[PDB]
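**Q**
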Amino acid sequence: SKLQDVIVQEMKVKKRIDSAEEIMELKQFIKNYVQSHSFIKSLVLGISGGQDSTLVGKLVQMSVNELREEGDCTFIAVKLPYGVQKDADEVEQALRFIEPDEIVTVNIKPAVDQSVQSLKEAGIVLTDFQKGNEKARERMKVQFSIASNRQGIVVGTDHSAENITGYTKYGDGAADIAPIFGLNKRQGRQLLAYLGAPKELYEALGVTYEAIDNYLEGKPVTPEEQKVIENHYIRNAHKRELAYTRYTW
Amino acid sequence: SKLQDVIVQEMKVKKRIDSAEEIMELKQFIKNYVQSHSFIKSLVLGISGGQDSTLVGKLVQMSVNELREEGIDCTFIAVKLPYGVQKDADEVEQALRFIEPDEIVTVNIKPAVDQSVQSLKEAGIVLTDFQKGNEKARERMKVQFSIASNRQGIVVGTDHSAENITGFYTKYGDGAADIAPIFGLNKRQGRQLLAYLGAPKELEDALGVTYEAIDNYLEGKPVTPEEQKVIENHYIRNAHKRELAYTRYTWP
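Residue numbers (UniProt numbering), protein chains in the order written: chain U, 2 to 72, 74 to 168, 170 to 206, 225 to 270; chain Z, 2 to 204, 223 to 271.
Encoded structure:
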């Protein structure tokens, strides 16, 4: 579709994936990154019970197991509830599947409500959307403080169906490495199913995820879906780049 | 070395700048960006009393002064971001008088910051003082973006090129912004522009190198072998800060 050809090339989605090949390739990247950086003793990721963090957590744990067989690093899963964990079943189910070396639970509600309260005192009343952004950036802060404290790095869950449409700038997706960039949404499910995840763990934008994934694979979609995908892609470009300078804008 | 040529070319620092020329170019970048995004009604920057945010705040206010003369509605929102009692209050207040921002908002970050520290402590993670300083910086980032969203604006950052070596920037902390107009300046160039604009005096060390040698290196000048090695190790050790999370395609 010409405009689709630009995005297809930038988002790196493969037409197809062999599960065993793709999982091996994803682990090698994670394992090569640890091996190349002397100070990495842990990898840190929040476990929301959603499909993205579930696959990436599992990839990281499997990578950490094999790193320890090759001669020292740990995976630290982080539970990040806002108040009372209401999607507790999905979170616990993700954890049972990942088998993380360590689980840290940090409730973000006291920090988030105080950020909101501090601004309210300054005359700045956040909307519910803005309050949700504060939640996401606080989740980022917890993960990087744990990574700093445990001499590790923060692992992100950004992928290409995300990258194209979906993420709070400098919030929960902001990380040191983003291993599953290049997968679209259905590809994540395929890898989760191949790994034996319970299927409860892999089951608005004005466009379906099926149209997004097809679009990323270079397939033609309705004109109406093209405009929504394309407009979402263009309006989010600032998120795929650090702050604009005289030389990038 | 050819690594100096690599670094010099990536950091875009000019060997010398004409003060009035450079202030003009920097202002045009800010004005062109606002002009190109009709929904931007405000510009947001924390005013720490340090040279970078003083220069950036001043540039932005001049940019907004001229935008409104050309018929564009825009506002500069300077933010005081004290942790308890304003660290360098006399410098913050002197910068505020020098910039004369359209609006001044004060958000004390101490309660949110201590709540983050306390919540982590409850999980068994006792942060170091360096880590607490990182929490302060990332909370400063959150306040500015919360104000920017609420006031229909963007966050203006203070990154410049000498920060790519010193790396005082906290990853995803206070330097994180929507635009970074003074990228390409080194430190002495920031001071030159501030001094030219009539600024008053807003213009230990375990880096292993002076700021003068860093600036000289960025201008493509030769420095001693020891300075060259310390600088180059700092440049490579911070490469992950001037780029988004590495993927299979950005990590060679």
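We treat Cβ as the ideally placed atom computed from N, Cα and C, and that holds for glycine.
Work out the CA separation of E246/U and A163/Z for me, nearest whole Å.
**A** Position 162 of the second sequence, counted from the first residue, corresponds to residue 163/Z. Position 225 of the first sequence, counted from the first residue, corresponds to residue 246/U. In a straight line, the C-alpha of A163/Z is about 45 Å away from that of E246/U.
**Q** Assign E203/Z to one of two classes, buried (16 or more other C-beta atoms within 10 Å of its C-beta) or exposed (fewer than that).
**A** Here the question's residue 203/Z lines up with position 202 in the second sequence. Buried, since its Cβ has 16 or more Cβ neighbours within 10 Å.
**Q** Applying a beta-carbon distance threshold of less than 7 Å, which residues of chain U neighbour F30/Z?
**A** The sequence position of residue 30/Z within the second sequence is 29, counting from 1. Here the neighbours are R267.
**Q** When you compare the CB of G185/U with every CB in chain B, is at least one pair closer than 8 Å?
**A** The chain inventory of the structure shown lacks chain B, comprising the protein chains U and Z.
**Q** Taking 8 Å as the threshold (C-beta atoms), are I78/Z and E104/Z in contact?
**A** Taking the second sequence and counting its residues from 1, the one referred to as residue 104/Z is at position 103. Taking the second sequence and counting its residues from 1, the one referred to as residue 78/Z is at position 77. In this structure, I78/Z lies closer than 8 Å to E104/Z by Cβ.
**Q** Residues of chain U with a CB under 7 Å from the CB of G85/Z: which are they?
**A** Counting from 1 along the second sequence, the entry for residue 85/Z is found at position 84. The contacting residues do not exist; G85/Z stays about 13 Å from chain U at best.
**Q** When you compare only the Cα positions, how much space is there between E231/U and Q193/U?
**A** The residue labelled residue 231/U in the question sits at position 210 within the first sequence. The residue labelled residue 193/U in the question sits at position 190 within the first sequence. Going by the C-alpha atoms only, they are around 14 Å apart.
**Q** Starting from the beta carbon of residue 321/Z, find every residue of chain U whose beta carbon is closer than 7 Å, and list them in chain order.
**A** Outside the displayed span of chain Z (2 to 271) sits residue 321/Z, for which this structure offers no information.
**Q** State the DSSP-derived secondary structure class of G51/Z, mapped to helix, strand or coil.
**A** Residue 51/Z sits at position 50 when you count from the first residue of the second sequence. Residue state, collapsed to three classes: coil.
**Q** Use the C-beta contact count for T243/U: other C-beta atoms within 10 angstroms, 16 or more gives buried, fewer gives exposed.
**A** Position 222 of the first sequence, counting from 1, holds the residue named residue 243/U. Burial call: exposed.
**Q** Ignore the nearest five residues each way along the sequence and tell me which others in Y236/Z's own chain have a CB closer than 6 Å to its CB.
**A** The residue labelled residue 236/Z in the question sits at position 217 within the second sequence. Around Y236/Z: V242 and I250.
**Q** Which chain Z residues sit within Cβ distance under 7 Å of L198/U?
**A** In the first sequence, residue 198/U corresponds to position 195, counting from 1. Those within 7 Å of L198/U in chain Z number zero; the least Cβ separation is about 19 Å.
**Q** DSSP three-state label for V35/Z, please.
**A** Locating residue 35/Z in the second sequence gives position 34, where the first residue counts as 1. Of the three classes helix, strand and coil, the one that applies to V35/Z here is helix, per DSSP.
**Q** How big is the Cα-Cα spacing for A113/U and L186/Z?
**A** Taking the first sequence and counting its residues from 1, one reaches residue 113/U at position 111. Taking the second sequence and counting its residues from 1, one reaches residue 186/Z at position 185. If you take the alpha carbons of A113/U and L186/Z, they lie about 36 Å apart.
**Q** Between which two residues does the beta strand (DSSP E) containing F77/Z stretch?
**A** Counting from one through the second sequence, the residue named residue 77/Z turns up at place 76. Element bounds for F77/Z: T76 to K81.
**Q** Is there a Cβ of chain U sitting closer than 8 Å to that of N151/Z, yes or no?
**A** Counting from one through the second sequence, the residue named residue 151/Z turns up at place 150. Interface residue, yes.
**Q** Quick one, which of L56/Z, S49/Z, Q119/Z and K122/Z has its alpha-carbon nearest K88/Z's?
**A** The residue labelled residue 88/Z in the question sits at position 87 within the second sequence. The residue with the shortest Cα to Cα distance from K88/Z is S49/Z.
**Q** Could you check the C-alpha separation between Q5/Z and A177/Z for me, to the nearest Å?
**A** Looking up residue 5/Z in the second sequence gives position 4. Looking up residue 177/Z in the second sequence gives position 176. Rounded to the nearest angstrom, the two C-alpha atoms are 26 Å apart.
**Q** Roughly how many angstroms separate the alpha carbons of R267/Z and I155/Z, rounded to a whole number?
**A** Taking the second sequence and counting its residues from 1, the one referred to as residue 267/Z is at position 248. Taking the second sequence and counting its residues from 1, the one referred to as residue 155/Z is at position 154. Straight-line Cα distance between these residues: approximately 31 Å.
**Q** Alpha carbon to alpha carbon, how far is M142/Z from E262/Z?
**A** Mapped onto the second sequence, residue 142/Z falls at position 141. Mapped onto the second sequence, residue 262/Z falls at position 243. So the two alpha carbons sit approximately 17 Å from each other.
**Q** Under the three-state reduction of DSSP, which class applies to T107/U: helix, strand or coil?
**A** The residue given as residue 107/U occupies position 105 in the first sequence. Of the three classes helix, strand and coil, the one that applies to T107/U here is strand, per DSSP.
**Q** Would you decide whether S2/Z is buried or exposed? Buried here means 16 or more other CB atoms lie within 10 Å of its CB.
**A** Stepping through the second sequence from its first residue, residue 2/Z is reached at position 1. When all chains shown are included, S2/Z counts as exposed.
**Q** Express the C-alpha separation of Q153/U and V45/U in angstroms, rounding to a whole number.
**A** As a first step, residue 45/U must be located in the first sequence, where it is residue number 44. As a first step, residue 153/U must be located in the first sequence, where it is residue number 151. Each residue's Cα considered, the two are about 10 Å apart.
**Q** Does the beta-carbon distance from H253/Z to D179/U come in below 8 Å?
**A** Taking the second sequence and counting its residues from 1, one reaches residue 253/Z at position 234. Taking the first sequence and counting its residues from 1, one reaches residue 179/U at position 176. No, these two residues do not count as a Cβ contact at 8 Å.
**Q** Spatial neighbours of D160/U within its chain, please: C-beta separation below 6 Å, excluding the five flanking residues on both sides.
**A** Residue 160/U sits at position 158 when you count from the first residue of the first sequence. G176, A181 and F184, listed in sequence order.
**Q** Any idea what DSSP makes of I126/Z, helix, strand or coil?
**A** Taking the first residue of the second sequence as position 1, residue 126/Z is located at position 125. Looking at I126/Z - three-state DSSP - the assignment turns out to be coil, as it is neither helix nor strand.
**Q** Check each residue of the segment 133 to 149 of chain U: if its Cβ is closer than 8 Å to any Cβ of chain Z, include it; give the result in chain order.
**A** Residues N135, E136, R139, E140, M142, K143, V144, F146, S147 and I148.
**Q** For the candidate residues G239/U, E92/U and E70/U, whose alpha-carbon lies nearest to that of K81/U?
**A** Residue mapping note: residue 81/U aligns to position 79 of the first sequence, counting from 1. Considering only alpha carbons, the answer is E92/U.
**Q** Among residues of its own chain, excluding the 5 on either side of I166/U, which ones have a beta-carbon nearer than 7 Å to its beta-carbon?
**A** Here residue 166/U is taken as the residue at index 164 of the first sequence, counted from 1. These residues qualify, in order along the chain: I8, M12, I233, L237, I250, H253 and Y254.
**Q** Going straight from the alpha carbon of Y265/Z to that of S37/U, what length do you get?
**A** Within the second sequence, residue 265/Z is the residue found at index 246, counting from 1. Within the first sequence, residue 37/U is the residue found at index 36, counting from 1. Approximately 13 Å, taken between the alpha carbons.
**Q** Which whole-angstrom value is the C-beta distance of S147/Z and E136/U, which I expect to be below 8 Å?
**A** Mapped onto the second sequence, residue 147/Z falls at position 146. Mapped onto the first sequence, residue 136/U falls at position 134. Contact holds; Cβ gap of about 6 Å.
**Q** Where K28/U and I126/Z are concerned, what is the direct C-alpha to C-alpha distance, given to the nearest angstrom?
**A** Taking the first residue of the first sequence as 1, we reach residue 28/U at position 27. Taking the first residue of the second sequence as 1, we reach residue 126/Z at position 125. Distance between the alpha carbons of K28/U and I126/Z: 28 Å.
**Q** Within 10 Å of its beta-carbon, does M63/Z have 16 or more other beta-carbons around it, so buried, or fewer, so exposed?
**A** Position 62 of the second sequence, counted from the start, is the residue given in the question as residue 63/Z. That one is buried.
**Q** Given a cut-off of 8 Å on the beta-carbon distance, is the pair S20/Z and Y173/Z in contact?
**A** Against the second sequence, residue 20/Z aligns to sequence position 19. Against the second sequence, residue 173/Z aligns to sequence position 172. Against a cut-off of 8 Å, the Cβ pair of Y173/Z and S20/Z comes out as no contact.
**Q** I need the boundaries of the alpha helix (DSSP H) containing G191/U, first residue and last residue.
**A** The sequence position of residue 191/U within the first sequence is 188, counting from 1. It spans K188 to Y197 - the alpha helix (DSSP H) in which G191/U sits, taken as one unbroken run.
**Q** Within 8 Å (strictly less), CB to CB, does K59/Z reach chain U?
**A** Sequence index remark: in the second sequence, residue 59/Z carries index 58 (1-based). No - not a single Cβ of chain U is within 8 Å of the one on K59/Z.
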